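Okay, structure first, notes after.
The values are calculated or read from the model by the stated rules, or taken from the named source; no laboratory read-out is quoted. No Cβ is skipped: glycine too gets one built from the backbone with ideal geometry, and neighbour counts run over all protein chains shown.
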Amino acid sequence: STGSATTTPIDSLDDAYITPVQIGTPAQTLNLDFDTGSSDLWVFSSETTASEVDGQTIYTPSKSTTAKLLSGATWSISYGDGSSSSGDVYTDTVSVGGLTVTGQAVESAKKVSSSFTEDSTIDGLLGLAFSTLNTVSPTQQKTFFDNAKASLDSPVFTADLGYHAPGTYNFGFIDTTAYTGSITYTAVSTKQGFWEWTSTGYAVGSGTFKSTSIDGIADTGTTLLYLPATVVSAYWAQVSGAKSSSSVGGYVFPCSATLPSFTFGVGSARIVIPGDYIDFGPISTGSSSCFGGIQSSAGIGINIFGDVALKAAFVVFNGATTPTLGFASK
Ligand SMILES: CNCc1cc([N+](=O)[O-])ccc1Cl
């Protein structure tokens, strides 16, 4: 089996991407944020505290003939941005782009934090990190990918995110028309439950490549690129007037600037992020200070190759017995 679904930016800045997912019988279609940095499939639902729902489409398990309460199971998750959600659990049929899993754990939110409430376009998350991070208690549950894997033609999924445009998540096959050149594969550590790998270095604009190991995670659920302070300082030093603002919460730059590209290494290969991908626009409406798409990971505790980096590549999440990550230019 295979699946193929289009993923669409939620706004003009590519703050996140949503992908339609069919849950239950008859199908209830919810738009979920596919998140390779977490391992819970959770949804706004008929159980979500009413005051915490503002425009989202909800899953109603009582209207699904295939829904079953997973008795006694609860879940609770906190994300790196300080947001959170929690609730109870149903099993139901879940389909993504024509690929169907029966008996998938669908985590029904009873509570969500304010940033979820405020994002009317995101009806929940579909986690694609390793199932060891799943928060369901007392019986940990598997991700959609882990449940699908045995049925897939090949034990892989791919992320092909667009810059200010739709893109694609494929399951079970590599679309050889979706990238240019060859795919470079690199080792993954699953020790922390993430798609964790080591970049071989970086360059700023047309500058020389600095060979240096940068351990980080491939995280489709994080908007920006978070790298060590040394690397980030070297980047923003090339932008006149750029500075780190404690009041804003990161590097800002004059909206009149032309940003340099940023290159990261994957083995002996190189992925180039165009300067425009690093522009996240005015910090507040009408401001001439613009927010940067490359930020320091100091204080996070991990480097994060989020959408700014991933959307510059065709990315293979290889879930074979020894997992690996592949990157190609596109
Ligand atoms: C865990 N990956 C990043 C993240 C993703 C989301 N998401 O809605 O997809 C929310 C918070 C964070 Cl910190």
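What the table below lists for this structure:
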item: Residue list for the range 51-60, restricted to those being on the phi < 0 side of the Ramachandran plot and surrounded by fewer than 24 Cβ atoms within 10 Å (Cβ to Cβ); result: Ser51, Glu52, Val53, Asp54, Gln56, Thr57, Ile58, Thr60
item: Unmet requirement for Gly193, which otherwise passes all of (1) surrounded by 18 or more Cβ atoms within 10 Å (Cβ to Cβ); (2) within 15 Å of the ligand (Cβ to nearest atom); result: (1)
item: Residues within the range 285-302 that are surrounded by fewer than 23 Cβ atoms within 10 Å (Cβ to Cβ), in contact (Cβ under 8 Å) with a residue 40 or more places away in the chain and within 16 Å of the ligand (Cβ to nearest atom), tallied; result: 4
item: Search result, residues across the range 237-277 that are among the hydroxyl-bearing types (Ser, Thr, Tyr), more than 17 Å from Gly207 (Cβ to Cβ) and without any contact (Cβ under 8 Å) to a residue 60 or more places away in the chain; result: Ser244, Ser245, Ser246, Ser247, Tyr251, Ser256
item: Criterion (surrounded by fewer than 20 Cβ atoms within 10 Å (Cβ to Cβ) and outside any loop (DSSP other than H, G, I, E, B)) met by exactly one of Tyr163, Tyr185, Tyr169; result: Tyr185
item: Enumeration of residues in the range 94-133 that are touching a strand residue (DSSP E or B) at 6+ places or on another chain (Cβ under 7 Å) and within 13 Å of the ligand (Cβ to nearest atom); result: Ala109, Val112, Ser113, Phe116, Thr121, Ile122, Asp123, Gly124, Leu125, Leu126, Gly127, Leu128
item: Flag if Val89 is buried (at least 16 other Cβ atoms within 10 Å of the Cβ), within 16 Å of the ligand (Cβ to nearest atom) and within 21 Å of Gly37 (Cβ to Cβ); result: no
item: Failed criterion for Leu69 (all others in (1) over 22 Å from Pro138 (Cβ atoms); (2) surrounded by fewer than 16 Cβ atoms within 10 Å (Cβ to Cβ) hold); result: (1)
item: Subset of the range 10-22 that is more than 13 Å from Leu161 (Cβ to Cβ) and part of a strand (DSSP E or B) - its residue that is nearest to the ligand (Cβ to nearest atom); result: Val21
item: Long-range neighbours under 9 Å by Cβ, at least six apart or interchain, first residue on the phi < 0 side of the Ramachandran plot and outside the structural domain of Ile58 (by CATH) within the range 115-144, second of a type outside the set (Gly, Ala, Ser) and more than 12 Å from the ligand (Cβ to nearest atom); result: none
item: Filter pass, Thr322 being surrounded by 15 or more Cβ atoms within 10 Å (Cβ to Cβ) and farther than 20 Å from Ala178 by Cβ; result: no
item: Pairs where the first residue, in the range 155-182, is closer than 21 Å to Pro323 by Cβ and the second is in a loop (DSSP other than H, G, I, E, B) and of a type in the set (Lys, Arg), C-beta under 6 Å, 6+ apart; result: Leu161/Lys311; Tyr179/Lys330
item: Single residue of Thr29, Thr7, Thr36, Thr48 found to be surrounded by fewer than 21 Cβ atoms within 10 Å (Cβ to Cβ) and in contact (Cβ under 8 Å) with a residue 12 or more places away in the chain; result: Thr29
item: Subset of the range 66-79 that is of a type in the set (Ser, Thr, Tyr) and assigned to a loop (DSSP other than H, G, I, E, B) - its residue that is nearest to the ligand (Cβ to nearest atom); result: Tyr79
item: Residue ID - nearest to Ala269 (Cα to Cα), chosen from residues in the range 206-230 that are touching a residue at least 60 places away in the same chain (Cβ under 8 Å) and away from the ligand (no atom under 16 Å from the Cβ); result: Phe209
item: Meets criteria (part of a strand (DSSP E or B), within 20 Å of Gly97 (Cα to Cα) and more than 10 Å from the ligand (Cβ to nearest atom)) for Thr25; result: no
